[PDB]
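start.txt (compact mmCIF, C-alpha atoms and all ligand atoms) appears below.
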# COMPACT_ATOMS: atom_id res chain seq x y z
CA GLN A 1 0.00 0.00 0.00
CA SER A 2 1.09 3.63 -0.36
CA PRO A 3 -0.95 6.03 1.78
CA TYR A 4 -0.19 9.71 1.16
CA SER A 5 0.27 11.08 4.68
CA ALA A 6 -2.78 9.22 5.99
CA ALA A 7 -6.02 11.09 5.30
CA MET A 8 -8.03 14.06 6.56
CA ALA A 9 -10.25 12.45 9.19
CA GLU A 10 -13.58 14.17 9.81
CA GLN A 11 -13.73 13.78 13.59
CA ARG A 12 -11.05 15.05 15.98
CA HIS A 13 -8.12 12.63 15.70
CA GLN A 14 -5.23 14.66 14.24
CA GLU A 15 -4.63 17.64 16.55
CA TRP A 16 -5.65 15.14 19.19
CA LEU A 17 -2.72 12.95 18.36
CA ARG A 18 -0.47 15.99 18.74
CA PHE A 19 -1.33 16.48 22.41
CA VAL A 20 -0.69 12.72 22.79
CA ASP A 21 2.41 12.23 20.66
CA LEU A 22 4.36 14.63 22.86
CA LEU A 23 2.76 13.53 26.12
CA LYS A 24 3.91 9.93 25.57
CA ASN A 25 7.29 10.40 23.90
CA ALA A 26 7.99 12.67 26.89
CA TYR A 27 7.24 10.50 29.90
CA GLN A 28 10.05 8.38 28.45
CA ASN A 29 12.46 10.90 29.96
CA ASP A 30 10.69 13.50 32.12
CA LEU A 31 9.32 16.42 30.06
CA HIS A 32 5.78 15.11 30.16
CA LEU A 33 5.06 17.59 32.97
CA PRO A 34 6.06 20.76 31.10
CA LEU A 35 4.38 19.31 27.99
CA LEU A 36 1.19 18.35 29.81
CA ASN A 37 0.82 22.08 30.60
CA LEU A 38 1.31 22.90 26.92
CA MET A 39 -1.68 21.03 25.38
CA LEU A 40 -3.75 19.93 28.38
CA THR A 41 -4.57 21.73 31.64
CA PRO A 42 -7.99 23.41 32.23
CA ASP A 43 -11.14 21.28 31.97
CA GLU A 44 -8.47 18.67 31.70
CA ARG A 45 -7.10 18.87 35.25
CA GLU A 46 -10.72 19.00 36.37
CA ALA A 47 -12.80 16.62 34.26
CA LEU A 48 -9.96 14.24 33.35
CA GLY A 49 -9.10 13.58 37.00
CA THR A 50 -12.76 12.96 37.77
CA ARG A 51 -13.44 10.22 35.23
CA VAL A 52 -10.28 8.26 35.91
CA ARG A 53 -10.93 8.84 39.61
CA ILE A 54 -14.66 8.09 39.83
CA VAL A 55 -14.26 4.89 37.89
CA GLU A 56 -11.06 3.73 39.65
CA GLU A 57 -12.79 4.69 42.90
CA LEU A 58 -15.80 2.36 42.82
CA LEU A 59 -14.38 -0.12 40.33
CA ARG A 60 -11.90 -1.09 43.05
CA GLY A 61 -13.96 -2.31 46.03
CA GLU A 62 -17.63 -2.93 45.28
CA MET A 63 -19.68 0.26 44.97
CA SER A 64 -20.01 3.89 46.05
CA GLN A 65 -22.63 6.24 44.60
CA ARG A 66 -24.33 7.52 47.74
CA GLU A 67 -21.49 10.04 48.01
CA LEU A 68 -23.92 12.79 47.04
CA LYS A 69 -23.14 15.26 44.25
CA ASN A 70 -19.50 16.32 44.63
CA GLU A 71 -20.49 19.25 42.49
CA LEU A 72 -16.95 20.34 41.82
CA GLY A 73 -16.72 17.02 39.97
CA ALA A 74 -20.18 16.28 38.57
CA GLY A 75 -22.95 14.61 40.58
CA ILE A 76 -25.22 13.54 37.73
CA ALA A 77 -24.03 11.08 34.98
CA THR A 78 -20.27 10.50 34.83
CA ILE A 79 -20.63 9.46 38.48
CA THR A 80 -22.91 6.47 37.80
CA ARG A 81 -21.16 5.09 34.69
CA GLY A 82 -18.26 3.55 36.52
CA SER A 83 -20.80 0.89 37.45
CA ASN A 84 -22.44 -0.10 34.17
CA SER A 85 -18.97 0.37 32.72
CA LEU A 86 -18.91 -3.44 32.64
CA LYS A 87 -20.55 -3.17 29.22
CA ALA A 88 -20.63 0.53 28.45
CA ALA A 89 -16.84 0.73 28.20
CA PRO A 90 -15.14 -0.97 25.23
CA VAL A 91 -14.53 -4.72 25.26
CA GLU A 92 -10.83 -4.64 24.38
CA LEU A 93 -10.38 -3.17 27.86
CA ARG A 94 -11.05 -6.33 29.88
CA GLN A 95 -8.30 -7.88 27.78
CA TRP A 96 -5.65 -5.63 29.43
CA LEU A 97 -7.15 -4.03 32.51
CA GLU A 98 -7.59 -7.55 33.85
CA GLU A 99 -3.97 -6.87 34.48
CA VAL A 100 -3.89 -3.10 35.17
CA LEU A 101 -6.84 -3.41 37.53
CA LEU A 102 -6.13 -6.47 39.70
CA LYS A 103 -2.43 -5.59 39.81
CA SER A 104 -3.20 -2.47 41.84
CA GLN B 1 -21.85 34.21 41.13
CA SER B 2 -19.57 33.29 44.03
CA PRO B 3 -18.48 29.83 42.78
CA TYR B 4 -16.07 29.59 39.83
CA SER B 5 -14.69 33.12 39.68
CA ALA B 6 -11.27 33.58 41.27
CA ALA B 7 -10.93 30.70 43.73
CA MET B 8 -8.54 28.70 41.58
CA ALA B 9 -6.61 26.12 43.61
CA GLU B 10 -6.41 22.38 42.99
CA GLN B 11 -2.93 20.86 43.14
CA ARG B 12 -3.98 17.56 41.56
CA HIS B 13 -1.36 14.85 40.97
CA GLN B 14 -3.12 11.59 41.85
CA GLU B 15 -6.09 10.88 39.56
CA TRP B 16 -3.84 12.83 37.21
CA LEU B 17 -1.09 10.25 37.30
CA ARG B 18 -3.77 7.60 36.63
CA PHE B 19 -4.74 9.16 33.30
CA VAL B 20 -0.98 9.33 32.53
CA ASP B 21 0.55 6.23 34.17
CA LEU B 22 -2.36 4.29 32.68
CA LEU B 23 -1.63 5.56 29.18
CA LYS B 24 2.17 5.09 29.24
CA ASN B 25 1.80 1.42 30.15
CA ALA B 26 -0.94 0.99 27.53
CA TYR B 27 0.62 2.71 24.52
CA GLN B 28 2.94 -0.30 24.63
CA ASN B 29 0.13 -2.75 23.86
CA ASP B 30 -1.45 -0.13 21.59
CA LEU B 31 -4.86 0.23 23.17
CA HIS B 32 -4.43 3.72 24.52
CA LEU B 33 -7.13 4.86 22.11
CA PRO B 34 -10.03 2.96 23.71
CA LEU B 35 -8.61 4.07 27.09
CA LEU B 36 -8.30 7.72 26.02
CA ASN B 37 -12.05 7.82 25.42
CA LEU B 38 -12.18 6.90 29.11
CA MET B 39 -9.81 9.12 31.08
CA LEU B 40 -10.55 11.84 28.48
CA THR B 41 -13.50 12.48 26.17
CA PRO B 42 -15.68 15.61 26.63
CA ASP B 43 -14.25 19.09 27.34
CA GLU B 44 -11.08 17.16 26.77
CA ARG B 45 -11.67 16.26 23.12
CA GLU B 46 -12.49 19.95 22.61
CA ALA B 47 -10.16 21.96 24.81
CA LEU B 48 -7.40 19.80 23.29
CA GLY B 49 -8.03 20.46 19.58
CA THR B 50 -7.85 24.04 20.83
CA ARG B 51 -4.48 24.39 22.61
CA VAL B 52 -3.17 22.43 19.65
CA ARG B 53 -4.65 24.71 17.06
CA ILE B 54 -3.01 27.69 18.77
CA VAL B 55 0.39 26.13 19.66
CA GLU B 56 0.81 24.33 16.34
CA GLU B 57 -0.29 27.45 14.41
CA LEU B 58 2.01 29.68 16.39
CA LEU B 59 4.96 27.78 14.92
CA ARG B 60 4.35 27.25 11.16
CA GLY B 61 0.99 28.96 10.96
CA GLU B 62 2.40 32.38 11.89
CA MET B 63 -0.44 33.62 9.81
CA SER B 64 -2.84 34.27 12.66
CA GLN B 65 -5.14 36.98 11.61
CA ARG B 66 -8.37 35.10 10.73
CA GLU B 67 -8.18 33.70 14.20
CA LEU B 68 -7.60 36.51 16.51
CA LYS B 69 -10.54 36.02 18.95
CA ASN B 70 -13.32 34.34 16.81
CA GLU B 71 -14.79 34.38 20.45
CA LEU B 72 -16.97 31.38 20.73
CA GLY B 73 -14.52 29.07 18.82
CA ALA B 74 -11.52 29.34 21.21
CA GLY B 75 -11.52 31.46 24.39
CA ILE B 76 -10.13 34.80 24.40
CA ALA B 77 -8.04 33.39 27.30
CA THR B 78 -6.37 30.75 25.25
CA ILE B 79 -4.76 33.29 22.95
CA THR B 80 -3.07 35.08 25.88
CA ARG B 81 -0.56 32.49 27.26
CA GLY B 82 0.01 31.98 23.52
CA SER B 83 1.76 35.33 23.43
CA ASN B 84 3.91 34.48 26.48
CA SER B 85 4.33 30.86 25.47
CA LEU B 86 7.43 32.36 24.00
CA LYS B 87 9.46 33.72 26.95
CA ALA B 88 7.98 31.73 29.81
CA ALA B 89 8.58 28.41 28.00
CA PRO B 90 10.92 25.86 29.64
CA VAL B 91 14.55 26.02 28.54
CA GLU B 92 15.89 22.47 28.29
CA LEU B 93 12.92 21.89 25.95
CA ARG B 94 14.94 23.59 23.19
CA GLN B 95 17.22 20.54 23.33
CA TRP B 96 14.32 18.02 22.90
CA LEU B 97 11.85 19.84 20.68
CA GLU B 98 14.50 19.80 17.97
CA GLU B 99 13.30 16.25 17.85
CA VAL B 100 9.59 16.65 18.69
CA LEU B 101 9.07 19.56 16.30
CA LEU B 102 11.13 18.86 13.16
CA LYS B 103 10.65 15.12 12.96
CA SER B 104 7.15 15.18 14.44
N1 LIG C 201 -18.21 7.63 29.20
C1 LIG C 201 -17.17 8.27 28.37
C2 LIG C 201 -16.26 9.15 29.25
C3 LIG C 201 -16.80 9.19 30.69
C4 LIG C 201 -17.95 9.79 31.04
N2 LIG C 201 -18.05 9.53 32.34
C5 LIG C 201 -17.03 8.83 32.87
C6 LIG C 201 -16.65 8.44 34.12
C7 LIG C 201 -15.43 7.84 34.31
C8 LIG C 201 -14.60 7.61 33.23
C9 LIG C 201 -14.99 7.99 31.96
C10 LIG C 201 -16.22 8.62 31.77
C11 LIG C 201 -16.31 7.20 27.70
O1 LIG C 201 -15.76 6.40 28.44
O2 LIG C 201 -16.26 7.23 26.48
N1 LIG C 202 -0.93 26.00 29.21
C1 LIG C 202 -2.15 26.82 29.36
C2 LIG C 202 -3.38 25.94 29.01
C3 LIG C 202 -4.10 26.55 27.79
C4 LIG C 202 -5.29 27.20 27.83
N2 LIG C 202 -5.34 27.81 26.64
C5 LIG C 202 -4.27 27.62 25.86
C6 LIG C 202 -3.84 28.03 24.64
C7 LIG C 202 -2.67 27.53 24.12
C8 LIG C 202 -1.93 26.62 24.85
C9 LIG C 202 -2.36 26.24 26.11
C10 LIG C 202 -3.52 26.75 26.63
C11 LIG C 202 -2.22 27.29 30.81
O1 LIG C 202 -1.14 27.42 31.37
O2 LIG C 202 -3.31 27.50 31.28
Step by step, read the file and then write its structure as structure tokens.
Amino acid sequence: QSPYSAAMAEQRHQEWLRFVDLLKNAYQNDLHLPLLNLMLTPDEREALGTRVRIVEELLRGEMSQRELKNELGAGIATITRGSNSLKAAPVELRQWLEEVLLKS
Amino acid sequence: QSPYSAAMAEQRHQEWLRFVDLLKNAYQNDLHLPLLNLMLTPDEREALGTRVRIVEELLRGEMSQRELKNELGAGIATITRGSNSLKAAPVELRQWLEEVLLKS
């Protein structure tokens, strides 16, 4: 095959990759912090923490939803997905997380 | 009125590391995409294409006239650090970016 510089995707996947590309290639050494602040920092530090923290919070023991709206985080949907995530989330996740989840 | 105005203070570094640490270990297997849609997906997918449009354009897109504050499409705030992204940038980055900017 001979793709000419990939293609112009319709959805957001190019600029996206930029933020990533540096983020990853950086952690290799230690610039990921200064880079993180370059293309990721506002709703990011807020909403991104949340999601990886609400899911890793209840998907660790058994449950935990009666924590009442934490407002600063959400309190409506994103808080109750971590549960149904069993299906909601992709399937290729159980393939790896079996290991990144029980290992912790 | 009182909430979300000037009380900015949230030294996050835990849930944060999850989003990161999780990715780093995944990019190896190559499933960081399905995971991204997890630790990042809403204001993230957007606010990201943003900081990237500005940063990336500031380098080879010098032409930045049909962008100056299109108001609802970026944030007038975004385009401010973008003027100081110059001085205030980290130094040792000049030694790495040679590689993360020219090559990719
Ligand atoms: N559900 C979205 C992102 C998301 C919303 N709420 C969440 C709570 C935790 C983690 C991720 C989410 C996804 O995974 O595509
Ligand atoms: N690094 C910026 C985050 C950001 C918001 N808008 C931007 C525009 C360009 C680059 C980054 C941003 C900050 O310190 O808040």
Test item: chain A residues at most 8 Å from chain B, counting all atoms listed in the file, as a VMD selection string = chain A and resid 12 15 to 16 18 to 19 22 24 27 31 34 38 to 40 42 to 45 47 to 53 89 to 90 92 to 93 100
Go through A:28, A:70, A:64, A:80 and flag the residue nearest ligand LIG 201 (chain C), using all atoms listed in the file for the distances.
-> A:80
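When chain A serves as the reference and chain B is fitted to it on all C-alpha atoms, the deviation left is 8.8 Å RMSD.
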By how many Å are atom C10 of ligand LIG 201 (chain C) and CA of residue 78 (chain A) apart?
-> 5.4 Å
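With CA of residue 71 (chain A) on one side and CA of residue 102 (chain A) on the other, the separation reads 29.6 Å.
For the pair atom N1 of ligand LIG 201 (chain C) and CA of residue 79 (chain A), the separation is 9.8 Å.
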